[PDB]
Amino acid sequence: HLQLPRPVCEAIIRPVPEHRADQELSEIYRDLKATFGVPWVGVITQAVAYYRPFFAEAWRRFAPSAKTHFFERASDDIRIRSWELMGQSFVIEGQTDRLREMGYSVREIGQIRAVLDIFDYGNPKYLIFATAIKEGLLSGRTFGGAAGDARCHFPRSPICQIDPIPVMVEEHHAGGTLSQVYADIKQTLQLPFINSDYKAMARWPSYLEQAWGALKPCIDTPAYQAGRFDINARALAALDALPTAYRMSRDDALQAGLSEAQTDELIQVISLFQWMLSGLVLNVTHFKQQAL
């Protein structure tokens, strides 16, 4: 009552960060960001990018859907649901005064909020794409492409920007005690990597400490796990309603250039990220509500 199970993953995650991405991969990354209308490339997508012929082909097959009005709406309703869920389930104290007291100015606190907005907007879109990748491999099915409201096929609300990449304190940038927030987060969220979200927050170390410290107790409360299940279900639902059909099976993966062992590995990797992203959506919603 009522919990989302963490998939087994013993495969090594090998994300290709934007600052290491070669010219070819950089072009794909850029088209993703333009399509999603986000200034960063998700770690989810960095890790998938390792298996590059798969990534390119699964991107090419999913992009016609991510361009649509439906995707914008369906992602946005996931942001709404998280706001709704966390509000009702939690007493979230504002932290603005506490930050002001630690010496943060008004300009700075708005800067912090702007960074929270980036991830509040983008993560839903990454959740659905990860659901498409993971379920397309596991099931071999084709998803969406149904007739429906023509308006679902219209251009999504045009926004921006690709630029710049948010300032993120990477793990090799860290940091000493910052590595230990990083380790705590890792232990607590049960992950082997630190999310883009927390690395952006890490440009203000004392702020991350504060925000993460107030979120931690909520993690894996019954209301948290229940809400996480709901977030995930809504991503499954979005998958079945894509305006342009999506299929990317094991055989598609093999035809794209992957070995059997590679495809097995990918399946674990995408599975952990897809699981992860339900929580990440909730976590950012909390951060944003603290900062009102």
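Counting begins at 1, following the sequence as shown.
*Given the B-factors recorded for C-alpha atoms, which segment has the greater mean, 109-117 or 188-196?*
188-196 has the higher mean C-alpha B-factor.
*Hey, which bit's got the bigger mean C-alpha B factor in the entry, 120-128 or 211-219?*
Looking at the record's C-alpha B-factors, the answer is 211-219.
*Which one, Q46, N232, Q225, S65, has the peak C-alpha temperature factor per the PDB entry?*
By C-alpha B-factor in the record, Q225 ranks first.
*Which one of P166, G136, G144, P205 shows the biggest C-alpha B-factor in the PDB entry?*
Highest CA B-factor of the listed options: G144.
*asked:* By the recorded C-alpha temperature factor, relative to the other modelled residues in its chain, which third is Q268 in?
replied: It belongs to the middle third of the chain when residues are ordered by C-alpha B-factor.
*asked:* How does the C-alpha B factor of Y104 compare with the rest of the chain: lowest, middle or highest third?
replied: Bottom third by C-alpha B-factor.
*For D149, return the chain-relative third of its C-alpha B-factor as stated in the PDB record: lowest, middle or highest.*
For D149, whose C-alpha B-factor we compare with every modelled residue in the chain, the answer is the highest third.
*Among the modelled residues of its chain, does the C-alpha B-factor of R6 lie in the lowest, middle or highest third?*
CA B-factor rank for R6: middle third.
*Within this chain, which third does the Cα B-factor at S278 fall in: lowest, middle or highest?*
Its C-alpha B-factor, which the entry lists for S278, ranks in the lowest third among residues of this chain.
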